[PDB]
Amino acid sequence: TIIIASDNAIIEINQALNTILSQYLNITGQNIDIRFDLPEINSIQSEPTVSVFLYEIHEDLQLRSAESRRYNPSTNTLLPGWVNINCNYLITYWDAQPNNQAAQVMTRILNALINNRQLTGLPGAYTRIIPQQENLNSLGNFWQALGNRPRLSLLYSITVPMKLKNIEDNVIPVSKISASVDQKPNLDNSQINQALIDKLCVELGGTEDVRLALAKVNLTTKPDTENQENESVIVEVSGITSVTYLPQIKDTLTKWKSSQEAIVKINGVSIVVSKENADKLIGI
Amino acid sequence: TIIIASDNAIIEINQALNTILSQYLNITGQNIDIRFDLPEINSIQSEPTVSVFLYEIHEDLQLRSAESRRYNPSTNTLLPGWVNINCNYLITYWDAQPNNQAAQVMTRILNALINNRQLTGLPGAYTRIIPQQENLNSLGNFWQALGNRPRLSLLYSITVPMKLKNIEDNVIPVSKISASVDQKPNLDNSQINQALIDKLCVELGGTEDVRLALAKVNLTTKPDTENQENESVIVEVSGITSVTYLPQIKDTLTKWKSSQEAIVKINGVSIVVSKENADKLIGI
Amino acid sequence: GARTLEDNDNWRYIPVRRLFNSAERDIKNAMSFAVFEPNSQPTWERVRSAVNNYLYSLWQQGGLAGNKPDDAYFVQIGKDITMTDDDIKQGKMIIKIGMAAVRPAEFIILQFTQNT
Amino acid sequence: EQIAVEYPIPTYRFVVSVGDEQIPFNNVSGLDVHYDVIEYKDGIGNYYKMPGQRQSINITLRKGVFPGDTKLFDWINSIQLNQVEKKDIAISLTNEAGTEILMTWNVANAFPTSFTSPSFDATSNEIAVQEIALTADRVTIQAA
Amino acid sequence: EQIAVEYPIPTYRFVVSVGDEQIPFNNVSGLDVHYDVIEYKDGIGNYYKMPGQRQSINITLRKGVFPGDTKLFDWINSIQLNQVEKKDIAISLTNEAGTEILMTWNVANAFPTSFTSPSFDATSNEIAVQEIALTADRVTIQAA
Amino acid sequence: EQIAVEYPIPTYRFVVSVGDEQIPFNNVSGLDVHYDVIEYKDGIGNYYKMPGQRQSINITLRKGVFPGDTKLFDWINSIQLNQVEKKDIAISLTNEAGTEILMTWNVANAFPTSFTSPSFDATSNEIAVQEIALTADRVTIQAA
Amino acid sequence: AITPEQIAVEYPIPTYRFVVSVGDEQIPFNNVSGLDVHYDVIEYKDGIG
Amino acid sequence: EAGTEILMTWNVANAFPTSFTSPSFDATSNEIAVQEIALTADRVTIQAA
Amino acid sequence: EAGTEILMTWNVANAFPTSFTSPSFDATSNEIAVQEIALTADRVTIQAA
């Protein structure tokens with residue numbers, strides 16, 4: 001069955017419970033008050049009432065699923081997600097022989113709960129009718145908290161989805177598809193990076209001080225999607241170097257970019273630097 | 001997502017919760033008081049209010065990781081560590097039909113919590129929205145402690161980093177590296193120690209009393225990093241000996257140090273004592 | 001003979017041109033499932049996954065060159081790389097693919113000597 | 001100043017697509033890479049250890065049963081001798097809002113080898129859940 | 001607008017029929033389809049994997065003991081050498097009211113192989129329960 | 001007088017470095033040294049037992065998954081036949097402040113053999129965690 | 001992405017599904033073996049190798 | 001791994017078949033049908049790259 | 001352990017090869033390629049260090 005996710009699920013569940021309880025309780029010509037909160041501490045009751053107490057709410061992990069966001073291409077909207085909510089109720093009868101009024105009212109409530117395994121207002125909800133209650137210790141502690149004599153109660157569990165507030169309104173559908181396939185040299189990126197770092201070390205002087213200053217300098221290259229006798233790469237330099245060698249490295253990179261000649265040649269393929277960037281290099 | 005470690009995380013979480021709760025509660029034109037502490041014992045309420053109660057703080061062992069101290073070479077500072085803190089909240093509505101005010105306020109709070117799985121003010125925090133609450137026994141005990149009628153409450157868990165106070169200010173980076181490689185004789189340290197102890201026993205007299213007095217005397221040698229026909233070692237002596245033999249042992253060690261001649265010869269390598277120390281030898 | 005009508009460093013040989021045409025057709029077919037889907041990052045990720053799977057299968061068959069797949073092909077798709085905001089607003093998806101092909105040996109030279 | 005801390009992605013923020021369609025699953029496991037170890041020993045004390053042959057991938061997917069839904073059983077039931085349609089599986093870790101992909105697990109050429117029906121228990125209040133086991137060729141993790 | 005959410009069928013809403021009669025059971029398990037995997041490896045790196053032979057089905061049905069009820073033991077006891085009456089089993093997932101069938105599991109040519117009697121325990125207050133195990137040919141799932 | 005008492009180091013104060021970079025891990029285990037036992041027996045009652053051949057080291061490292069982080073999978077994925085980059089691992093026990101090293105476990109020539117992806121469970125609220133298994137040559141403990 | 005057509009074209013065939021025809025009629029069988037072709041080898045040598 | 005390099009070569013000269021073995025058809029088996037061929041040759045040499 | 005000392009020696013005189021076994025190429029194996037060589041010699045003597 002289908003249940004519509006809503007942001008007001010608790011009140012809807014309360015209304016469905018009120019409807020079914022009224023139908024099954026006012027069937028004998030008697031009117032019984034139905035309240036959705038517990039009576040006060042050491043309070044008195046003038047009329048017999050039935051209390052429906054929502055005492056616990058948690059996300060139902062058992063019913064959680066890994067679903068993707070739903071898309072409506074007609075309206076270019078990304079539909080909101082939802083969170084499953086488990087609500088637990090405690091129905092009790094409060095007074096104002098084996099055939100006493102309390103037993104009859106409790107029987108009517110039990111009949112309603114038994115016949116509403118699939119809730120009338122929410123057929124698609126996941127319900128657990130009259131689950132196994134607690135032991136005598138928990139009942140005693142709860143009725144100590146309420147400050148009144150212990151009474152019989154019935155439990156009801158129901159899980160409904162609640163709509164989230166994350167919705168996008170301008171998600172354009174894909175209507176046009178374009179692909180371009182170009183030739184790539186049979187080269188390894190790490191080989192190009194190592195060759196470029198070696199060329200930089202040689203140009204800087206080749207002194208062991210230069211090698212020390214280039215220990216924590218990372219140079220990477222990217223294909224340039226913008227000739228057939230050479231290939232263009234995007235040189236990116238980042239890391240840490242000394243104060244003295246940072247301007248020298250930047251000047252060398254600018255000189256490489258300006259010159260149109262091949263800097264290194266690997267496997268017969270000549271590499272030409274067409275774009276460089278070294279603004280992420282710390283030169284402390 | 002990145003969350004910045006701070007030393008005032010609790011108040012930041014409180015402010016984020018207050019902001020989101022106010023946004024989701026005052027949206028109907030009604031103003032509801034929001035307090036961050038529980039009402040007093042058998043107190044009365046003049047106006048409806050929402051209480052945000054922080055009842056549990058512990059170190060999040062699940063999110064702990066084995067990380068090294070972070071270093072900033074630019075400022076020569078060792079950045080402080082952090083401790084992950086897990087905070088647990090309990091949101092409840094206090095009053096001053098299925099569509100009563102309490103249900104609507106609880107629905108608004110639940111909507112805020114559901115839509116703030118990733119907290120607005122702290123996107124990088126680790127949160128657990130509306131976790132599974134406790135049984136009826138725990139609710140009864142808690143509301144006995146509060147001395148009031150049980151009410152529906154919602155849970156909220158969040159973990160944030162907390163900055164530590166251990167920061168170093170003058171950690172100099174490594175800039176110069178120097179290494180020296182020298183030659184070492186093919187000898188065993190235990191062999192040298194045994195030979196030296198045997199020579200000491202022979203010099204002291206070689207009697208069984210000398211052997212008894214040398215039972216708990218430890219002699220250790222280390223290379224002297226300060227000639228080619230012999231090598232220099234640092235003799236360290238510590239242990240327990242008798243009153244009579246302590247000055248004799250010290251005198252023998254000083255005589256060995258003063259003399260430049262080889263004391264023992266192992267595998268054709270002559271051992272020369274250049275530095276000695278016997279201030280850790282107890283001579284009771 | 002295995003030469004086309006254009007004596008160029010590219011498309012000199014029939015196998016290269018035919019392989020590139022087949023790859024273009026297969027890549028266009030593979031990503032056609034993404035129409036009427038959101039023009040956002042998840043769709044681009046799925047398209048990239050499909051294209052990478054096809055290219056890896058082609059390389060493992062021996063169609064492309066290189067010792068590892070990173071030496072054989074690359075795929076680029078996403079904002080600021082292949083598409084702009086104006087392109088996205090028009091519902092256009094752009095992907096760039098590079099490939100390396102193996103060229104045949106055409107001339108074999110035998111050099112005979114007597115000194116042995 | 002301003003120490004930055006990042007926490008690992010929660011394990012429930014994932015999206016699974018089988019073939020070219022998205023299917024809401026409940027549990028995915030088994031995406032492991034395993035290599036054998038080849039060892040050679042010499043009489044003089046040499047001990048060479050190198051990676052061996054890569055093993056195949058075994059993946060189990062779990063989901064509940066829904067009315068009018070038999071795609072997985074229809075997939076497994078289409079086997080004729082050694083002929084079966086092989087699909088590509090993709091598991092991606094998303095952000096909180098689910099509008100962005102952070103990491104992707106790529107599985108190539110997976111076909112069903114086993115199907116598990118729900119364990120019908122009249123004494124249980126849980127949901128009916130089906131399971132499927134797939135054998136694949138290779139798994140690859142790509143960072144988005 | 002109007003996001004629709006559907007939950008999986010509960011596992012206790014099933015009806016079992018053996019042959020042409022409906023028998024109230026307590027637990028049904030083992031309805032699994034299994035295929036062997038055939039592998040071939042080439043020297044150049046080819047690694048072919050295909051489905052193999054389908055395995056037979058093993059099903060265990062569990063139910064309590066009632067006065068004047070020995071149909072299952074009469075079924076298993078009627079074995080003479082290799083001759084036994086083979087029946088078809090059908091397990092169907094129904095709706096809440098039990099008036100509509102949602103999903104059906106079809107089992108063909110099932111015959112008993114083992115019968116388990118209740119474990120008589122004088123210190124227990126539980127119900128006496130019997131079990132039977134069947135071997136079948138093939139299981140299919142049909143969506144209603 | 002003045003009896004001095006020392007307590008063992010807590011097990012959570014450790015730092016891991018792989019190769020030449022420090023990586024924050026969640027769990028490290030398997031740093032065991034094992035020797036075979038060679039036995040010879042004589043007829044007159046002699047029983048010789050001596051150490052045998054030292055075994056290789058198996059180490060499993062476990063850590064969470066973070067956005068834009070695939071170094072371990074890149075390491076395991078770079079295997080070509082028997083060729084792989086081998087690195088040295090170092091796990092050190094530090095003091096409380098983390099500015100000093102107390103003990104060090106040195107592992108030499110470790111290469112990956114297996115990688116375990118997170119178990120994607122939609123019903124769990126825990127963090128996604130990855131694991132890697134390495135085979136090494138020899139471990140050595142050095143007190144600082 | 002592999003379709004059953006290319007499996008029927010390129011994948012190796014298993015060895016458990018077969019039909020046997022004896023004479024003009026077909027008989028089901030559980031095992032068949034011994035379908036081998038063997039040739040002898042004739043060798044000749046002389047004194048120069 | 002990629003087959004783009006040769007490590008060591010075994011060369012077999014003038015090989016001709018002498019025997020051929022067909023797969024054994026077994027209805028209970030779960031293997032791939034495998035054919036075998038036996039060859040006789042003159043000499044074998046080993047060449048290192 | 002280090003190979004710096006000799007415990008016992010086996011001396012074999014005038015050994016020449018008679019057979020050579022190449023590794024068997026198996027696409028399903030996970031072993032190191034291994035070669036075997038067989039030698040014939042005159043006498044063997046044992047010398048204790």
# chains A, B, ... in the order shown; residues from 1 in each chain; ligands from 1
$ residues_around --residues "residue F:26" --least-positions-apart "5" --cutoff "7 Å" --atoms "only C-alpha atoms" --output "list in words"
residues 65 and 66 of chain B; 62 and 63 of chain F
$ write_last_selection --atoms "N, CA and C atoms" --output "short mmCIF file (atom, residue, chain, number, x, y, z; two decimals), in the first residue's frame"
data_model
loop_
_atom_site.label_atom_id
_atom_site.label_comp_id
_atom_site.auth_asym_id
_atom_site.auth_seq_id
_atom_site.Cartn_x
_atom_site.Cartn_y
_atom_site.Cartn_z
N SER B 65 40.97 9.09 16.73
CA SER B 65 41.94 8.65 15.75
C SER B 65 43.35 8.91 16.27
N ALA B 66 44.31 8.16 15.75
CA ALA B 66 45.71 8.27 16.16
C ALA B 66 46.42 9.19 15.19
N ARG F 62 43.46 -0.24 9.89
CA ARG F 62 42.05 0.07 9.78
C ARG F 62 41.84 1.56 10.04
N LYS F 63 41.03 2.20 9.20
CA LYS F 63 40.78 3.63 9.33
C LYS F 63 39.48 3.98 8.62
#
$ interface_residues --of "chain C" --to "chain A" --cutoff "8 Å" --atoms "only C-alpha atoms" --output "PyMOL selection string"
chain C and resi 9+20+24+27-28+32+34-40+65-66+70-73+88-101
$ residues_around --residues "residue C:79" --least-positions-apart "3" --cutoff "9 Å" --atoms "only C-alpha atoms" --output "PyMOL selection string"
chain C and resi 40-41+82-85+88
$ write_last_selection --atoms "C-alpha atoms" --output "short mmCIF file (atom, residue, chain, number, x, y, z; two decimals), in the first residue's frame"
data_model
loop_
_atom_site.label_atom_id
_atom_site.label_comp_id
_atom_site.auth_asym_id
_atom_site.auth_seq_id
_atom_site.Cartn_x
_atom_site.Cartn_y
_atom_site.Cartn_z
CA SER C 40 23.98 17.67 -11.97
CA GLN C 41 26.99 15.93 -10.44
CA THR C 82 33.83 20.59 -19.83
CA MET C 83 30.62 22.54 -19.06
CA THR C 84 29.81 26.10 -18.04
CA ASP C 85 26.76 27.51 -16.26
CA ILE C 88 24.16 23.53 -17.95
#
$ residues_around --residues "residue A:14" --least-positions-apart "3" --cutoff "9 Å" --atoms "only C-alpha atoms" --output "PyMOL selection string"
(chain A and resi 9-11+17-19+36+52) or (chain B and resi 97-99)
$ write_last_selection --atoms "C-alpha atoms" --output "PDB file, in the first residue's frame"
ATOM      1  CA  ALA A   9       2.286  13.065  10.463  1.00  0.00           C
ATOM      2  CA  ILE A  10       1.834  13.081  14.255  1.00  0.00           C
ATOM      3  CA  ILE A  11      -1.465  14.970  14.128  1.00  0.00           C
ATOM      4  CA  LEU A  17      -6.631   6.989  16.397  1.00  0.00           C
ATOM      5  CA  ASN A  18      -9.316   9.367  17.669  1.00  0.00           C
ATOM      6  CA  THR A  19     -11.658   8.381  14.835  1.00  0.00           C
ATOM      7  CA  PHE A  36      -4.249  12.959  24.311  1.00  0.00           C
ATOM      8  CA  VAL A  52      -3.970   8.211  24.491  1.00  0.00           C
TER       9      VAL A  52
ATOM     10  CA  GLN B  97      -7.867  16.999  21.533  1.00  0.00           C
ATOM     11  CA  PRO B  98      -5.759  15.483  18.742  1.00  0.00           C
ATOM     12  CA  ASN B  99      -4.941  19.025  17.543  1.00  0.00           C
TER      13      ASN B  99
END
$ atom_distance --atom1 "atom CA of residue A:45" --atom2 "atom CA of residue A:139"
21.1 Å
$ closest_atom_pairs --of "chain A" --to "chain F" --cutoff "12 Å" --atoms "only C-alpha atoms" --output "CSV"
residue,atom,partner,partner_atom,distance
A:59,CA,F:123,CA,10.3
A:60,CA,F:123,CA,8.6
A:61,CA,F:123,CA,4.9
A:62,CA,F:123,CA,5.8
A:63,CA,F:123,CA,7.6
A:64,CA,F:123,CA,5.7
A:65,CA,F:122,CA,5.7
A:66,CA,F:122,CA,5.8
A:67,CA,F:122,CA,9.6
A:84,CA,F:123,CA,11.6
A:215,CA,F:20,CA,11.8
A:216,CA,F:20,CA,11.4
$ calpha_fit_and_write --fixed "chain D" --moving "chain F" --output "short mmCIF file (atom, residue, chain, number, x, y, z; two decimals) with C-alpha atoms, in the first residue's frame"
data_model
loop_
_atom_site.label_atom_id
_atom_site.label_comp_id
_atom_site.auth_asym_id
_atom_site.auth_seq_id
_atom_site.Cartn_x
_atom_site.Cartn_y
_atom_site.Cartn_z
CA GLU F 1 45.40 28.94 14.52
CA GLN F 2 42.03 27.56 13.37
CA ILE F 3 42.69 23.83 13.55
CA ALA F 4 40.47 22.02 11.04
CA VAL F 5 38.90 18.65 11.89
CA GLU F 6 37.06 16.30 9.52
CA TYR F 7 34.95 13.28 10.44
CA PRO F 8 34.41 10.11 8.37
CA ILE F 9 31.34 9.76 6.17
CA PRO F 10 28.40 7.91 7.77
CA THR F 11 27.87 4.43 6.36
CA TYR F 12 24.16 4.86 5.56
CA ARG F 13 24.51 7.65 2.96
CA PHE F 14 24.94 5.57 -0.19
CA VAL F 15 23.16 5.08 -3.51
CA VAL F 16 23.21 1.90 -5.62
CA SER F 17 22.68 1.63 -9.37
CA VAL F 18 22.47 -1.73 -11.15
CA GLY F 19 23.11 -1.55 -14.88
CA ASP F 20 21.62 1.83 -15.78
CA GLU F 21 18.82 2.06 -13.18
CA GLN F 22 18.87 3.03 -9.51
CA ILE F 23 17.50 0.46 -7.05
CA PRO F 24 16.99 1.25 -3.33
CA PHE F 25 18.89 -1.43 -1.43
CA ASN F 26 19.16 -2.17 2.29
CA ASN F 27 22.71 -3.53 2.58
CA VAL F 28 25.75 -3.95 0.32
CA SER F 29 28.87 -5.86 1.34
CA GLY F 30 31.81 -7.78 -0.07
CA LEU F 31 33.59 -5.09 -2.12
CA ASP F 32 37.03 -6.48 -1.25
CA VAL F 33 40.19 -6.77 -3.35
CA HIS F 34 42.35 -9.82 -2.64
CA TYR F 35 45.76 -10.82 -3.98
CA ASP F 36 47.61 -14.09 -3.52
CA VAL F 37 51.18 -14.05 -2.21
CA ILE F 38 53.95 -15.85 -4.10
CA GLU F 39 56.99 -16.82 -2.02
CA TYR F 40 60.43 -18.03 -3.08
CA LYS F 41 63.23 -19.00 -0.70
CA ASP F 42 66.96 -19.35 -1.33
CA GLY F 43 69.45 -21.49 0.55
CA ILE F 44 71.59 -18.48 1.47
CA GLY F 45 68.72 -16.70 3.24
CA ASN F 46 66.85 -14.80 0.51
CA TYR F 47 63.07 -14.63 0.97
CA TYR F 48 61.15 -13.08 -1.93
CA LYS F 49 57.49 -12.15 -1.45
CA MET F 50 55.50 -10.59 -4.28
CA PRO F 51 51.82 -10.13 -5.15
CA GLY F 52 50.21 -12.99 -7.04
CA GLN F 53 46.98 -13.32 -9.01
CA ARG F 54 44.02 -11.09 -8.25
CA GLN F 55 40.86 -12.88 -7.15
CA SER F 56 37.31 -12.36 -8.35
CA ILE F 57 34.80 -10.21 -6.45
CA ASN F 58 31.87 -11.64 -4.48
CA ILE F 59 29.12 -9.15 -3.62
CA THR F 60 25.88 -9.69 -1.69
CA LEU F 61 23.02 -7.20 -1.97
CA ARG F 62 20.08 -7.24 0.44
CA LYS F 63 16.70 -5.51 0.24
CA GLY F 64 13.09 -5.89 1.27
CA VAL F 65 10.28 -7.33 -0.83
CA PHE F 66 7.63 -5.05 -2.31
CA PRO F 67 4.42 -5.80 -4.23
CA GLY F 68 4.90 -6.22 -7.96
CA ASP F 69 8.70 -6.30 -7.72
CA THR F 70 10.66 -9.31 -9.02
CA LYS F 71 13.50 -7.72 -11.02
CA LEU F 72 16.27 -9.55 -9.15
CA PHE F 73 14.60 -12.95 -9.50
CA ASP F 74 13.93 -12.23 -13.18
CA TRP F 75 17.64 -11.47 -13.57
CA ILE F 76 18.74 -14.70 -11.89
CA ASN F 77 16.03 -16.74 -13.66
CA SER F 78 17.10 -15.67 -17.17
CA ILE F 79 20.16 -17.95 -17.10
CA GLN F 80 20.47 -20.38 -20.02
CA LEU F 81 23.44 -22.73 -19.66
CA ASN F 82 26.41 -20.34 -19.45
CA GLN F 83 24.57 -17.36 -20.97
CA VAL F 84 23.51 -14.49 -18.71
CA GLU F 85 23.21 -10.72 -19.01
CA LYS F 86 26.11 -9.05 -17.19
CA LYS F 87 25.70 -5.56 -15.73
CA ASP F 88 27.91 -2.97 -14.05
CA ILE F 89 27.18 -2.00 -10.44
CA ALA F 90 27.99 1.37 -8.88
CA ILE F 91 27.76 2.22 -5.18
CA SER F 92 28.39 5.87 -4.33
CA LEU F 93 28.70 7.67 -1.00
CA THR F 94 26.72 10.91 -1.09
CA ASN F 95 26.53 14.01 1.07
CA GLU F 96 23.77 14.71 3.58
CA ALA F 97 21.38 16.38 1.12
CA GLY F 98 22.05 13.67 -1.47
CA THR F 99 22.76 16.16 -4.26
CA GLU F 100 26.50 15.42 -4.50
CA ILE F 101 28.74 12.35 -4.78
CA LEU F 102 31.83 12.00 -2.59
CA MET F 103 33.17 8.53 -3.45
CA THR F 104 32.24 5.77 -5.88
CA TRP F 105 32.77 2.00 -5.92
CA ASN F 106 32.71 0.70 -9.50
CA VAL F 107 32.00 -2.99 -10.12
CA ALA F 108 32.28 -4.38 -13.65
CA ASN F 109 30.55 -7.39 -15.25
CA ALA F 110 28.54 -8.74 -12.32
CA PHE F 111 26.12 -11.64 -12.80
CA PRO F 112 23.91 -13.40 -10.24
CA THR F 113 24.98 -16.66 -8.63
CA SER F 114 22.52 -17.14 -5.74
CA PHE F 115 19.16 -15.78 -4.60
CA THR F 116 17.79 -16.02 -1.06
CA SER F 117 14.06 -15.75 -0.36
CA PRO F 118 12.68 -14.36 2.91
CA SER F 119 12.49 -16.70 5.89
CA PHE F 120 8.73 -16.95 6.39
CA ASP F 121 8.32 -16.84 10.18
CA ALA F 122 4.75 -16.61 11.45
CA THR F 123 6.02 -15.70 14.95
CA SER F 124 7.99 -12.63 13.81
CA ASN F 125 6.91 -9.01 13.33
CA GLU F 126 9.79 -8.00 11.03
CA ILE F 127 9.84 -7.24 7.31
CA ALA F 128 10.39 -9.86 4.62
CA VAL F 129 13.81 -9.31 3.05
CA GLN F 130 15.37 -10.83 -0.07
CA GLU F 131 19.06 -11.26 -0.90
CA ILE F 132 21.12 -11.79 -4.05
CA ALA F 133 24.78 -12.75 -4.50
CA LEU F 134 26.80 -11.61 -7.52
CA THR F 135 30.19 -12.55 -8.94
CA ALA F 136 32.09 -9.78 -10.71
CA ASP F 137 35.42 -9.12 -12.43
CA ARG F 138 37.06 -6.12 -10.74
CA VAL F 139 36.24 -3.30 -8.33
CA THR F 140 37.63 0.23 -8.47
CA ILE F 141 37.28 3.17 -6.07
CA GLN F 142 37.09 6.65 -7.60
CA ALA F 143 37.09 9.80 -5.48
CA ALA F 144 34.74 12.48 -6.80
#
